[PDB]
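Single-structure report; data block below.
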Protein chains: 2
Amino acid sequence: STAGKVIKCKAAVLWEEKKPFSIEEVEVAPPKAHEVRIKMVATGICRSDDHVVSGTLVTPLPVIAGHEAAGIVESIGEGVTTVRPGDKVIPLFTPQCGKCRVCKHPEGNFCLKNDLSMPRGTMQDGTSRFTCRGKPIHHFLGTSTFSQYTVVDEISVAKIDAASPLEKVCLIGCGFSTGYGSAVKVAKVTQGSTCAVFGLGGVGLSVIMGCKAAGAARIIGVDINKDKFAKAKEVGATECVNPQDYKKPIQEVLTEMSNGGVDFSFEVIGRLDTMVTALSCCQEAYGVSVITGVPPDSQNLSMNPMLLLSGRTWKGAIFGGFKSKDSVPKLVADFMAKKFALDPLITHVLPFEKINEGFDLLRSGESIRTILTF
Amino acid sequence: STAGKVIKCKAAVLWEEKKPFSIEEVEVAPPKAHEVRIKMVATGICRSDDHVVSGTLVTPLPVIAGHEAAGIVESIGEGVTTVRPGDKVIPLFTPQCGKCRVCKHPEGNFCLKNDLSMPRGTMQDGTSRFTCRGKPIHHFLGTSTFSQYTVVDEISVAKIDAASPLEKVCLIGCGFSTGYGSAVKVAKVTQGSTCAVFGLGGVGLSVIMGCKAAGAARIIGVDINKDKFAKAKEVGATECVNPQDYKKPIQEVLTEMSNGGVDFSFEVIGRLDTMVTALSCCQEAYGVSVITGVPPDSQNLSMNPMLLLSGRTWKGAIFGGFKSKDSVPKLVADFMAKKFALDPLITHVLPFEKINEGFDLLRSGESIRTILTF
Ligand SMILES: NC(=O)c1c[n+]([C@@H]2O[C@H](COP(=O)([O-])OP(=O)([O-])OC[C@H]3O[C@@H](n4cnc5c(N)[nH+]cnc54)[C@H](O)[C@@H]3O)[C@@H](O)[C@H]2O)ccc1-n1cccn1
Ligand SMILES: NC(=O)c1c[n+]([C@@H]2O[C@H](COP(=O)([O-])OP(=O)([O-])OC[C@H]3O[C@@H](n4cnc5c(N)[nH+]cnc54)[C@H](O)[C@@H]3O)[C@@H](O)[C@H]2O)ccc1-n1cccn1
Ligand SMILES: [Zn+2]
Ligand SMILES: [Zn+2]
Ligand SMILES: [Zn+2]
Ligand SMILES: [Zn+2]
């Protein structure tokens, strides 16, 4: 009976960088034309949400963050055709408008309506649906899932299987799809190849999953936190290396281990130095390196372009290269059919009210994904 | 007869950086096992030979440069099976040993036996076949074509059609193949696409030829020398732009002209700034940029990795990505079958004795390719 009415609910508001989230009452406006209001069920903590806190990823504050989630449609605005009240949905932090040059391209997925390249922290219409203490609060990536209710544009939501377990499939909204697609869609890992994966968090584990699914013969995990190695091996890594253990730079180590460079390398951390190291460790004539980590705002890397002239390919991608609204329902259907596993990514579960504890777990190195339940 | 004997002949020796070539008598040793001695017939002047003079491209001096050439086998060493005396041949500045990981890979062409990565300026066996005034002279890229006779390793020569016109097909030894392959093999330009080509010298014109052959709908030539535009249009450019004409950076101009970025861009100059500009002007989600120009020794570029994270692909290649010994004979057969033209690249034909005049034409902006005839 909330349709057409403002909803008062709890959200996690970030008022300032480098401070805890504030769990407090917000007002959530009803959906306008082509908007959908969603009752959240579960949301994951992705490192990119932490990047908002640390100022690594700049977006306007104050803000409701969160972008990896699943929920149930509470109401729809005028003209919505793709979801209905009561449908299970995943918000799409990369929209799929279906009309722009990228959406029409066979490969492209970074729809021109995204709010990632130059964040404004609004709905598509340039306004906000959120008020707190009487003040407007920004959106994040058109999703804002750290709230009991959010409002998203229709191009930023996908209907998923009615029988889906939302406390698992929320990871299809970011970390799993990003890493898995980086391997299977962006790099196009080949059977029998050697892969190196830098960073063994939720996204990097999902890259390993995808390299293993593509038939790689060797998958070398790289992390400075050796506590990450056991789970990386469980999901497919054949060996793991800690750069801190070596006197030589790890690109040299990896080149030696792979008898002249790897076929595919993945940067899944977000550091400029490891982006260049990961490029360098792929074979100089035919290697491919994929950047998935999010770099610190406005900072440039330095590299020798002879790394490319010999024949290397360097690319990056958002959301694993997947066209979001076409792919998310299919990934959920494949999960339901047991084509991949999400449980290896989930190390902790907490109620939404303990969001700050969830971020502490990420920052301490202890968690992969913590799932928050509303 | 000359077989088995030292040949005294004329060559252009580079004794020091930034000096004219010295045209004088050298001694050319007979070929050892698996080596081939070639009587040169024609050699082109490529900007990479000038980079040796300018110190842009470091290789041991003193040196006999030259790498884009065609000639006739004078004699073969023990064990040679792929050419015989009297055969027309093109020396291969990128070898094809057929045994290394790169040669065995379907895509790779930068054979591990190359002398480009870490130049030693010798034969494969670590010695030189050249002396001048009693001093040993270095080889260049396993070819050294600025000489009436040279000696190359068997993996660095290809037999070509006995009826081929050597004064034209010498360009298949570098400039034509490099540019054409950058388009058709490395970028894999698609029908209907928009391409931008930075640098309208012999290599860049060959990139335009490839883009046109691949069916590009728009091919935008970019050069600071407007005298290069007429020939670019003759070989397929649909429009040309001079960055000096605009108040805004050319990547902005090209993004606007292409309604949001080009499909394929090509850096065919060798400047760090234009490498980054070329990357930036390709469409951010699905654009591809290829580096063909040779960068100045030991210098790094600076770039924001968000250019890649959005979805761009950045790659480079040597020799157009062609496996050299397999491809050169087929390219010559294709030329003989009128599948592409070489005449548009040739602006000047001079006797070998005028090599310095040929370099002056290149440096002054007045030539595309000068062919030197022996
Ligand atoms: N491209 C996308 O769409 C995208 C990008 N991100 C970004 O991916 C990176 C990884 O995210 P994560 O897996 O959620 O993060 P962590 O759990 O923190 O794992 C990182 C991993 O790296 C190790 N590490 C740190 N420093 C080093 C060094 N020097 N060497 C080796 N390993 C190192 C840690 O120990 C840890 O285990 C992040 O940058 C993230 O921002 C994620 C998801 C999506 N995206 C885009 C927008 C929203 N989400
Ligand atoms: N990758 C290979 O295998 C390769 C590489 N090279 C390199 O390609 C570049 C172009 O060579 P070229 O066509 O022989 O050179 P030029 O005739 O001098 O044409 C350059 C073109 O650029 C224009 N220009 C200069 N500066 C600018 C700026 N700032 N903006 C725009 N245009 C600009 C000039 O006016 C001129 O028209 C070289 O770097 C070359 O080294 C060639 C061949 C092969 N290779 C590798 C090893 C041996 N050969
Ligand atoms: Zn779109
Ligand atoms: Zn994320
Ligand atoms: Zn080889
Ligand atoms: Zn050349």
Side-chain angles (χ1 to χ4, degrees), chain A residues 1-46 48-53 55 57-77 80 83 85 89-93 115 119-154 156-157 166 170 173-174 350-359 370-374:
Chain A
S1 207
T2 48
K5 300 177 184 146
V6 174
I7 288 174
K8 286 180 178 185
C9 68
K10 290 297 181 298
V13 178
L14 186 74
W15 290 106
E16 202 160 8
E17 281 181 32
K18 303 185 178 159
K19 293 305 186 157
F21 294 94
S22 178
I23 292 266
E24 66 178 289
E25 182 168 273
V26 299
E27 298 183 286
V28 183
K32 298 195 198 214
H34 298 101
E35 300 175 0
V36 178
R37 185 155 66 176
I38 304 168
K39 182 181 173 43
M40 287 286 96
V41 172
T43 186
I45 292 169
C46 171
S48 299
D49 299 301
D50 183 66
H51 285 342
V52 174
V53 181
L57 176 59
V58 171
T59 193
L61 309 179
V63 66
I64 296 175
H67 65 283
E68 179 178 85
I72 298 168
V73 177
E74 173 271 346
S75 66
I76 60 171
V80 167
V83 300
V89 289
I90 291 176
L92 307 175
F93 78 83
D115 192 45
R120 308 181 280 169
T122 63
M123 301 291 292
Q124 287 298 320
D125 78 356
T127 68
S128 168
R129 299 284 166 282
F130 294 122
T131 305
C132 183
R133 308 180 187 194
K135 294 168 183 181
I137 311 295
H138 291 97
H139 297 244
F140 179 54
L141 305 181
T143 57
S144 288
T145 69
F146 292 164
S147 181
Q148 286 170 337
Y149 291 82
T150 189
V151 181
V152 305
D153 291 285
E154 184 175 21
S156 294
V157 65
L166 297 190
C170 54
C174 183
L350 289 170
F352 173 64
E353 291 77 22
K354 290 181 166 116
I355 182 160
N356 287 314
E357 174 179 352
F359 280 76
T370 294
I371 307 306
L372 300 177
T373 288
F374 291 91

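Note on naming: letters A, B, ... go to the chains in the order of the sequence lines (proteins, then strands), and numbering restarts at 1 for each one. All heavy atoms count here, side chains included; hydrogens, waters and symmetry mates do not.
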*Would you check if A/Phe352 and A/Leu372 make a side-chain contact, meaning some heavy-atom pair closer than 4.5 Å?*
yes
*asked:* Could you measure the distance from the NZ atom of A/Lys19 to the CG atom of A/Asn356? Nearest 0.5 Å is fine.
replied: 12.5 Å
_Spacing of A/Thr143 atom OG1 and A/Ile90 atom CD1 [to the nearest 0.5 Å]_ = 12.0 Å
_Using only atom types and a distance under 3.5 Å, with no angle test, would you say the side chain of A/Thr43 pairs donor to acceptor with the backbone of A/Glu68?_
yes
*With the side chain counted from C-beta on, respond yes when A/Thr59 and A/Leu57 share a heavy-atom pair under 4.5 Å apart, and no when they do not.*
no
_Tell me if the centroids of the rings in A/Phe21 and A/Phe359 come within less than 6.0 Å of each other._
yes
_Restricting to non-hydrogen atoms, name the atom on A/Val36 and the atom on A/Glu154 that form the minimum distance, rounded to 0.1 Å._
CG2-CA, 4.4 Å
*For A/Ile7 and A/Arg37, run side-chain contact (heavy atoms from CB on, under 4.5 Å): C-alpha distance rounded to whole Å, both residues' side-chain angles, the deciding distance at 0.1 Å, then the answer.*
CA-CA 10 Å; A/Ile7 288 174; A/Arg37 185 155 66 176; 3.4 Å; yes
*Give the minimum heavy-atom separation between A/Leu166 and A/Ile72, together with the two atoms involved.*
CD1-CG1, 4.1 Å
*asked:* Rounded at 0.5 Å granularity, tell me how far CZ in A/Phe130 sits from CD1 in A/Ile137.
replied: 9.5 Å
_Given 3.5 Å as the limit, does a donor-acceptor pair link the side chain of A/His139 with the main chain of A/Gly121, or not?_
no
*Going from SG on A/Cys9 to CD on A/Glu74, what distance comes out if it is rounded to the nearest 0.5 angstrom?*
10.0 Å
*Of all heavy-atom pairs between A/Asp49 and A/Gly66, which one has the smallest distance, and what is that distance?*
OD1-N, 3.0 Å
*Apply side-chain contact (heavy atoms from CB on, under 4.5 Å) to A/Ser147 and A/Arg129, showing your working.*
CA-CA 12 Å; A/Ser147 181; A/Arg129 299 284 166 282; over 6 Å; no
*So, do A/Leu14 and A/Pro62 sit near enough that their side-chain heavy atoms are less than 4.5 Å apart?*
no
*Is any NZ, NE, NH1 or NH2 atom of the basic residue among A/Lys10 and A/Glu353 found under 4.0 Å from an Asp or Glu carboxylate oxygen of the other?*
no
_Sidechain-backbone polar pair: A/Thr145 side chain, A/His67 backbone, donor-acceptor under 3.5 Å_ = yes
*Mind checking the OG-CD spacing from A/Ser75 to A/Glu35? Nearest 0.5 Å is all I need.*
10.0 Å
_I need the minimum non-hydrogen distance between A/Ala12 and A/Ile23, along with the two atoms involved._
CB-CD1, 3.9 Å
*Evaluate the side-chain proximity of A/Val157 to A/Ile38: yes if any heavy-atom separation is below 4.5 Å, no if none is.*
yes
*asked:* For a 4.5 angstrom cut-off between non-hydrogen side-chain atoms, does A/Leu61 reach A/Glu16?
replied: no
*For A/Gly44 and A/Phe146, work out which heavy atoms get closest and say how close.*
O-CE2, 3.9 Å
*Is the shortest heavy-atom distance from the side chain of A/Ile45 to the side chain of A/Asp50 under 4.5 Å?*
no
*With rounding to the nearest 0.5 Å, note down the distance linking CD in A/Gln148 to CE in A/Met40.*
11.0 Å
*What's the shortest heavy-atom distance between A/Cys170 and A/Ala70, and which atoms?*
CB-N, 3.8 Å
